[PDB]
Structures are given as C-alpha cells and as structure tokens.
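A single chain, nothing else alongside it, follows as structure tokens in the form deposited in one PDB entry.
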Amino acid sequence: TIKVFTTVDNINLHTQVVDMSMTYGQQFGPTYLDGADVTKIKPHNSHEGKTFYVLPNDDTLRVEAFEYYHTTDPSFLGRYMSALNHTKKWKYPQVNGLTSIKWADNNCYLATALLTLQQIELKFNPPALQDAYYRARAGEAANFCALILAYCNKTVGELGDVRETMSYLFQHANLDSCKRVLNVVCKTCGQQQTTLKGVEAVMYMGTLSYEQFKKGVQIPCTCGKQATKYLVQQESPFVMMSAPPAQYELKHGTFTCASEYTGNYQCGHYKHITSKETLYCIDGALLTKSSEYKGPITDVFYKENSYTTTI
C-alpha cells in the first residue's frame, strides 16, 4: 500500500493508494506513467508519490477531461499517450531562432507545421493545446506534437499532409473574428457576393499567389461558364494559399513562410521556406540559405490585418 496521484490533465490531482499485488488496470483502468502503458504493470517504490494519467471512469474525471482537451472521445487519451511515447524520444533543435524536429518516423510534415505555427498569430481553444503551444515555442515541443497527432487522428509514422494538418488545427483555434468576403462575376448569371467565416476565411485551395487571389481567379459557375472569383474584403491575422505541388518562385519579402513538397503523391518529403533577412530553408535539423528561390511549392503563408479591394 503506497500512495499515488491520478489525473487526466496534470492539473487537478486526485490522491489514491494502490495495492502491490493487483495491477493498475485492475484498480484504476488503463493507466499511464510518463506516457508509458502501466495497465499490466504492478506498483514499485519509485511509483509512490508520482502522478499517473488515467482514462476517465467517473463523471468528475469526464468533466475535467473535456475542460482541458475539448473532447469526449474515449480513445483520445490512449492515442495521445501512444504518440507521446515516440515524440519524447525525438530531438527538437533550434534552427534560425525557431524550434524544429530532427527527422524521425516520417515527421517532415510535422516539422513544417510546427515551424509555420511559430510564425502566424494563433490562439487555441483547448487549454491542453494552448499550453503545449507555449511550451513548444520555448523549445519543448514533444507534448505539442503528440497532441497534434491525437487531434488529427494520425499515428506516428503515418504520412501527413501539411494543408490537412493546418485545417484540423484551425478548427480547434479561435478564428471567429476572421472574415472573408468574395465576389464571383459570371457573364450570364451576374455578380454574386459571398461571406466566409472561421477556417474557410483563412484557407483557399487553388492558387499560391495572394496577389492573383485579389486580382481574380477563374472558377466554373453554376451555369457552366467560367466566372471570376476575387477577394473583396479580408479581416484576419494571416491567410493560407494552397495549390497542388508545382514550380514556384519565392521572392524575399513577399511572404511569411511556405511549404515545399518533392516526390510522389503521399510518399514525398516536406521542407520549410521562411523569409527573414534572406530566404532560409529548414529541413528538419538542416538549414540552408539563398537570396532567391524557385522550387515545388504547395502552401504559402501571408501576413494580413484588414484588406479592402479597390474594384
């Protein structure tokens, strides 16, 4: 009989005492210590006085779990601890003043997303996600990477798409004040104006150029003809312009950061391009430098505050 603590958020700690013969699974349910499954393991001396993550089994823990993670999915904690057991072993070097990830288990898309998040203004709604966001920007990104995999329903080693990962994260972020007003002009139908909010207001799939998005882009109308969609008003701290991988010239000072993707569909490699005093390329732990750049780009991130068109 030795005393321990059980928690679901590492904030509210509940005091318990455990028997040595019975395993943790017989007494608490699925139990984790430092991200390691100890459901079948039995108590030792070092376990006394230490805190254990446990699956919610009563209503008090069920409520605390939602208030930290904003999910009731019973599998979330297990998927989170499974990813964390890998991400704790990864290395997170500082590259060009930013926290990156040494390559491991196909994490190239995580590194590009992690580098992008440190360069755009974002506030997460789940307290677990925002707290780990802060710890990650300071250099301790293991818990943050595990949460990203858990919220995106992705496992370690699985092949990830950066645009898809950013979209999942934006749905758990406060983008309520973000607003986008578009205008589509068809020769026959006429002029239609639409207003988008939230995640739909910051993401566009179709073109990398924020300038071309303002000047107008060609989309098919309901009548079948090719109408023209252009941006009327944009109120958001950033925008994300995505397009299928293609050769693109990035000029210093015209953008914030970008995602480079080489190789075949789903089984390629991501790289991160950021515009500082010059153009920097971050590939995990490796860093290169160039005055101008041209390569296969699929995401470009631009700064914004409030924009209104002249048309």
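Superpose the two forms; the largest set of C-alphas matching within 1.5 Å is the rigid core. Residue positions are given as counts along the sequence shown, with the first one as 1.
Keep in mind that the form deposited in another entry is not shown, yet the notes after this line are about it.
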Verify the C-alpha shift of residue 48 between the shown form and the other one: is it 2 Å or more after superposing the core? yes
Core-superposed comparison between the shown form and the other one, residue 247 Cα displacement 2 Å or beyond: no
After superposing the rigid core, is the C-alpha displacement of residue 34 2 Å or more between the shown form and the other one? yes
